[PDB]
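Structural overview for review
The chain contents come next:
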Amino acid sequence: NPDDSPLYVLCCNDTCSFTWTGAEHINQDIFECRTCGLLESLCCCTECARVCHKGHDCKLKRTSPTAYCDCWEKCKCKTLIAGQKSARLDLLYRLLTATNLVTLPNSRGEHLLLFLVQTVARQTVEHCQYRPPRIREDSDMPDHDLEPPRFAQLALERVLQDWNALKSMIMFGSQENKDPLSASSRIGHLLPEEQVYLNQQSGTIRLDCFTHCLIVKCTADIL
Amino acid sequence: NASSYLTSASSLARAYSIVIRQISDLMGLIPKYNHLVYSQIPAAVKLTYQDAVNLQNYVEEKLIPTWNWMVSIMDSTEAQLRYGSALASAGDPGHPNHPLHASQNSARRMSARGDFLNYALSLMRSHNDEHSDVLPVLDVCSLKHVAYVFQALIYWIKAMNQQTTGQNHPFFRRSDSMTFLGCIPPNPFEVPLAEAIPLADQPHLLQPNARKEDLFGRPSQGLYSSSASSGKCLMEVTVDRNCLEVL
Ligand SMILES: [Zn+2]
Ligand SMILES: [Zn+2]
Ligand SMILES: [Zn+2]
């Protein structure tokens, strides 16, 4: 399945929100998972949704007030421990220059570049609320002294330097590249006239999302 | 009480239609000028064959610009409608963006800024041939003048054209009641019942507002292929309004 591709897992392996927000509330997007029993408060974060609850009935809470992640108190959390960052970057390099995995999209139909840009925008919005470790009973509380993740920016910079990845991004929705979550992907069972009409056009919704998030949402950096 | 541009455009198009109808009637009277016009009317002008040919050339040269205008607009809107139908056939009815959804009922139920932004994005994507999985943003109810002009020109063309004018048994060919004017009929032996004549399989599809397509199958056009680039041997597939003016 596309969501199990090693590049996607590498790029979506960020640490938990609770690891840097501590026990205090914060403004962030809130995911609820029906399988793990996370409803009516007791809600997880985006990283937990992508990693801890991959395959569960995890959705986004539209009416989201300020909240923290408590995935630890209800299920086994794989996002509380962060691996070696240098090894992560090295593996990203090797997977970019060794396999054409970057061309394949994920289960949501978004190419790796779009996912990385959206992650960078969301992280820039959220991490500004990170209170540093100010100096001034719960023994099972997870460790909460680690910095917020900073891998998304490096991954975006390095993937943008790759020609194949950028070409697959920009030519996404064209004749060759077609996302599974698009009505024009499977049209081989239609009448030839409808096939011609659908085949004439090319897709630019994903490219428009990528450009909009790169230009108007990623306000933090010009790099 | 309203002071709308569309009303003025429609009224001017109506006047143009009246004038074009009169022109077509006059030119159709040319072949029988002597029997109908010359003898009965005391004061008539002698007409010669070369005069009639020059007259026809003059009329065609004068009507060319409006003809190009209507052809461009109509090819554009037909391409938009055909793409919408194809996407509806290839789309998910549950999504709010599907053509065949209640949200698109246009009577049961965004901001003005959002509407204009949608229109602008649709125009740009259509021009660059990039309108995929997004419904074209168009208002056919605002094309009344184009309708009048097209009606007038088709009237002129039809009137003057009528002025000019066991296998394969007449029993085996589709009749007027089912055939589509200008489209070849589905081959009676290749296609099954469920897709040739859907009404026979499902006789409850008969409704007062029921399309002929879903009652007697989807016809096809013999265009695009078979070479030639006359501009009408190639089907209208491009969705902008410039390329169908270039064509
Ligand atoms: Zn979490
Ligand atoms: Zn779960
Ligand atoms: Zn977790």
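Throughout, a per-chain count from 1 in the order the sequence is written supplies the residue numbers; the entry may number residues differently, and those without coordinates are omitted. As they are written, the chains are lettered A onward and the ligands numbered 1 onward, keeping that order. Note that the chains on view sit within a larger assembly, with every value limited to the chains on view. The basis for every side-chain value is the complete set of non-hydrogen atoms in the structure, without hydrogens or water.

Looking at the method and resolution fields of the entry, one finds cryo-EM and 2.80 Å.

Chain B goes by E3 ubiquitin-protein ligase UBR5 in the PDB entry, where it is assigned to Homo sapiens. Listed as the entry title in the PDB record is "Structure of the human UBR5 HECT-type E3 ubiquitin ligase in a dimeric form".

If you check the PDB entry, chain A appears there as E3 ubiquitin-protein ligase UBR5 from Homo sapiens.

**Here we look at the coordination of the zinc ion (ligand 1)**
Residues and elements named next belong to chain A. Distances from the zinc ion (ligand 1) to its protein donors, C16 (SG), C45 (SG), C48 (SG) and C69 (SG), fall within 2.3 Å. Between the two metals, the zinc ion (ligand 1) and the zinc ion (ligand 3), the spacing is 4.3 Å, and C48 donates to both. You can see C16 sitting in the loop between helix 1 (6-11) and helix 2 (18-21) and its partner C48 sitting in helix 3 (residues 46-50), a full 32 residues away along the chain. Of the two residues, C16 and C48, neither departs from the other in class, the shared state being buried. Here the coordinating atoms are restricted to nitrogen, oxygen and sulfur within 2.8 Å of the metal centre, or 3.2 Å for Na, K and Ca, and because water is not among them the sites may look incomplete. Per the convention used, a helix needs a DSSP run of H or I reaching at least four residues, while a strand needs a run of E reaching at least two, with both numbered from the N terminus. Type-normalised accessible area, obtained with a 1.4 Å probe on protein chains alone, sets the label of each residue: buried when under 20%, exposed when over 50%, and partly exposed for intermediate values.

**Some points on the interface of chain A and chain B**
Should any heavy atoms of two residues lie within 4.5 Å, those residues are counted as being in contact. The interface of chain A with chain B comprises 19 residues on the first partner and 24 residues on the second. Between chain A and chain B lies a buried interface of about 2000 Å² when both sides are counted; carbon and sulfur atoms form 54% of it. Buried area, as used here, totals the accessible surface that two parts lose on assembly, with accessibility defined by a 1.4 Å probe and the loss added over both. Taken as a group, A:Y197, A:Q200 and A:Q201 account for 35% of the area that chain A buries against chain B, more than any other trio of residues on that side. Think of a salt bridge as a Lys or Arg side-chain nitrogen and an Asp or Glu carboxyl oxygen that are within 4 Å of each other. Remark: the boundary between chain A and chain B carries two salt bridges. Put simply, A:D208 and B:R125 hold a salt bridge, and the shortest N to O gap is 2.5 Å. Each polar contact in these results corresponds to two N or O atoms within 3.5 Å; when the atoms are within protein, one needs to be able to donate a hydrogen and the other to accept it, and residues that are neighboring in sequence are counted only if both atoms are side-chain atoms. Taken together, the links from chain A to chain B amount to 13 residue pairs in polar contact. Sorting the residues of the side of chain A that touches chain B by element identifies helix 8 (192-200) and helix 9 (205-217) of chain A as the ones contributing at least two each. In terms of residue count, helix 8 of chain A provides more of the side of chain A that touches chain B than any other element does, six residues in total. Each residue is assigned to one class: nonpolar for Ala, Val, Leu, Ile, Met, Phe, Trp, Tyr, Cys and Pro, charged for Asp, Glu, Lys and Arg, and polar for all the others, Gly among them. A breakdown of the residues in the side of chain A that touches chain B according to their chemical character gives eight nonpolar, seven polar and four charged.

**Examining helix 1 (residues 5-28) of chain B**
Multiply 1.5 Å by the residue count of a helix minus one, and that product is the helix's expected span. Its 24 residues give helix 1 of chain B an end-to-end C-alpha distance of 34 Å, which sits within 8% of 34 Å, the value for a rise of 1.5 Å per residue. The elements touched by buried residues of helix 1 of chain B are helix 3 (49-89) and helix 5 (144-164) of chain B.

**Some remarks on the UniProt feature "binding site: Zn(2+) 2" in chain A**
Residue and element names in this part refer to chain A. UniProt positions are given in the numbering used here, feature names are shortened, and annotations may be inferred rather than shown by experiment. Using the residue numbers shown here, the UniProt feature "binding site: Zn(2+) 2" corresponds to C33, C36, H53 and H56. For the residues just named, distributed over 24 residues, the greatest C-alpha separation is only 8.1 Å, placing them together at one site. Classification of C33 as buried rests on a relative accessible area of 0%. Excluding its chain neighbours within four sequence positions, the residues that come into contact with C33 are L38, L39, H53, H56, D57 and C58.

**Description of the side chain of B:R174**
All names here are of chain B. Within the fold, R174 resides in the loop between helix 5 and helix 6 (193-196). This count recognises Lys and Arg as positive and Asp and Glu as negative, with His and chain-terminal groups excluded. For the buried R174, no salt bridge exists, and the shortest N-O distance to an oppositely charged side chain is 11 Å, to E195. Reaching out from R174, the side chain makes a polar contact with the backbone oxygen of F216 at a distance of 3.3 Å. Residues in contact with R174, not counting those within four places in the same chain, are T179, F180, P185, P186, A196, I197 and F216.

**Let's talk about the UniProt feature "binding site: Zn(2+) 3" in chain A**
All names here are of chain A. Following the UniProt record, the feature "binding site: Zn(2+) 3" maps to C48, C52, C71 and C77 here. Judged by maximum C-alpha separation, these annotated positions cover 30 residues in sequence but sit close together in space, the widest gap being only 8.3 Å. Position of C71 relative to the elements: it lies in the loop between strand 2 (58-60) and helix 4 (85-98). A relative accessible area of 1% means that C71 is categorised as buried. If sequence neighbours within four positions are ignored, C71 has contacts with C44, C48, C52, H53 and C77. Structurally, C77 can be placed in the loop between strand 2 and helix 4. Sequence-distant contacts of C77, that is, excluding residues within four places in its chain, are made with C48, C52, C71 and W72.

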